[PDB]
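First, one chain by itself in structure tokens, the form solved without 1,2,4-trimethylbenzene.
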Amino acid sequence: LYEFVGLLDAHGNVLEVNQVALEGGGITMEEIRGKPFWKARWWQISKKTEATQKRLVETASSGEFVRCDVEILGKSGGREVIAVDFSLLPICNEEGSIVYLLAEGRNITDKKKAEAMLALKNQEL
């Protein structure tokens, strides 16, 4: 189940975003509505992270189901980085034309947590 969710048009302009994602980034609808999703502050760690989001939007708009782990300015009202399992789902109309994209973010398990999980299981056996 997602944590962050957003609705984009086919070109990646922002239409709707849930409050959890806005509060996490310290971002308002007024700042991002109708402007490309990749320009919003969550994606602004670097020119590289913004370029990755732009490519994830463009490829989704071409009908790919894309997903990858990303770091975003998405905790403590945008002051801190979190890692997110990000996806875009193309949404087609009744003719098969992509008209929207559904952006979803889920939490990622800390590396040290996963290591602790396996250490504990090996130890419990």
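Note that residue numbering follows the sequence shown and begins at 1.
One more form of this protein exists, namely the form solved in complex with 1,2,4-trimethylbenzene; it is left out here, but the text below deals with it.
At least one heavy atom of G105 is located within 4.5 Å of 1,2,4-trimethylbenzene in the deposited bound form.
The shortest heavy atom separation between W38 and 1,2,4-trimethylbenzene in the deposited bound form exceeds 4.5 Å. Under a 4.5 angstroms non-hydrogen atom cutoff, 1,2,4-trimethylbenzene in the deposited bound form lacks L56 among its neighbouring residues. Although the partner is absent here, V84 sits close enough that one of its heavy atoms falls within 4.5 Å of 1,2,4-trimethylbenzene in the deposited bound form. Contacts between stretch 1-24 and 1,2,4-trimethylbenzene, counted in the deposited bound form as any heavy atom lying within 4.5 Å, involve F4, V5, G6, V17, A21, listed in sequence order.
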